[PDB]
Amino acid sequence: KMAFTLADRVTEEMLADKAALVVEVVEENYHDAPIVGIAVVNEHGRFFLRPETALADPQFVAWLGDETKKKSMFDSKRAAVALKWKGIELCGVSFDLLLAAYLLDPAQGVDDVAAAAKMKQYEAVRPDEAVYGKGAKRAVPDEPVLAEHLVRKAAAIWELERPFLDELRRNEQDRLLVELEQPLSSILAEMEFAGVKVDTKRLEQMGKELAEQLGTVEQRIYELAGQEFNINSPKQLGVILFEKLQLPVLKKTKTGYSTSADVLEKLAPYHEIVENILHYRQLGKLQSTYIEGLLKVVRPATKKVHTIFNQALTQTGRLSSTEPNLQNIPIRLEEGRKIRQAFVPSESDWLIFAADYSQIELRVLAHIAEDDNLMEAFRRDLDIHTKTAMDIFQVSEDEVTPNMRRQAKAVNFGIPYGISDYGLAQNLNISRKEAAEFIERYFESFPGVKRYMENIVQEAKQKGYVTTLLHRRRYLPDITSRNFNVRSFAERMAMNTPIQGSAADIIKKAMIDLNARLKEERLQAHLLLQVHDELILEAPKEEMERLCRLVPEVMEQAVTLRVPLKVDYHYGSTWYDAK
């Protein structure tokens, strides 16, 4: 049992200068979502407040907004954004249990207070699905049941703060929480709430044109197949290609015949249809995902989309982006790239500004592996893909063709993360003997990288985990497994996580540094998006010459490595034009 006051009014003792606070949003997507209840636990007791009451009370709202009144929460970004949608500011969050749990072990997939609690054998709180129900049974329960749940969550946060901080400190991860992840949560909240403005007319025009083209390509595909079928069914397509047209079966998966883009390209010498199928799939993706899917989530009266950056999901410390995902907007092909013309500034006479790290992962690799040859390339800003091409093809610089550089690109990206001769040969559609030579030559050229791959795997085996530059960890209990497949996957994770995760660390610290400076010089410029190794902003056009100086320097000096960090930048009237 747990005593608590189900309050009908806000009182002075509820406004202490340290509390656990719960501002409950039950909708998975919290943008413009109902707040269903509020709990406060502090030195003076435990309290449930109806939102209708607390959020209309001047003293409570002032307390929420006072940075000197410290709050411990779980997913303070959820609450801060839901409050923003109700026009209320939340300040003074000093501890976020979700971010603490994520840092202690991202593999646990902690997604509610109960799951965090279990890490410390705290059982005096129910799981959120046990109270609200799963999927179609999802509902806010009767007030006494809700109140007790919210109070129990607040009480768990209250008790768990110290145990979590003690373990983070033990791990030398406490500053990762308090100086990096928690300040970032604030910054992301602002990004999600501001949203990104979309030219829906343009998307609607594109959609109309795509539907025409889809129809044309579809009938042409039925013509060359001599049958009608569901092209979006890999199974039905496989029957057509490998049974009706008797094309060679190049790859069989655990389920059937592969019709992947790689396979279809390799089939091009056998039938023209595969080019049409590839074209259909590319148009089809644009339509369903980046036209239909985008327009479904745009808010019609403001024309904004409000993504959610999940800060506590990826195993390497990257962010993810959902509903809509704004981290996979097309760029590689010109047709898809045009989607970016529909991403526009939120005010007139504002511009989109985009800045990206040049090969952050390879630079981080150079730093961590301490390979002399790789480090010198970045110190001297030589094209690393051309350099590798020269080494693996054994030619001079002028003899490197664009196709050779593309092969070298896959070599540079793949080898340090454990690509084999088979994977390289399959990806590049080249001789497996030649792929194996590529690998031998790469390692004889960057021997520090070979030593890194050996050393980090051995460290993972000995410690049970790998670490990034700013002390993020990933545990790899699979790494000393007898079984080749299980062990091998773990070994490749040991090679990759310190590099991808350190890159994540660097850009997160860059975001925090940047917001400080923008707030410092009182510039209207603000962040809209992060795309793993790039930051996207909007600002009044007058602010562009400043941003060209400020943004790249802040990003490049976020950390100091054994090699320089390099940032490119562009701006224009749309995201497309910021090229």
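Residues carry their position along the shown sequence, with the first being 1.
- As recorded in the PDB entry, 437-445 is the stretch of 497-505 and 437-445 with the greater mean C-alpha temperature factor.
- Legend: mean Cα B-factor per stretch from the PDB entry, 383-391 versus 230-238; the higher mean is in 230-238.
- In this structure the maximum Cα B-factor among 426, 481, 182, 307 is found at 481.
- The entry assigns its greatest Cα B factor, within the set 315, 458, 325, 219, to 219.
- When all modelled residues of the chain are sorted by CA temperature factor, residue 544 is found within the highest third.
- Among the modelled residues of its chain, residue 524 has a C-alpha B-factor that falls in the highest third, as given in the PDB entry.
- Ranked against the other modelled residues of its chain, the C-alpha B-factor of residue 55 as given in the entry falls in the middle third.
- When all modelled residues of the chain are sorted by CA temperature factor, residue 10 is found within the highest third.
- In the deposited entry, the Cα temperature factor of residue 532 places it in the lowest third of its chain's modelled residues.
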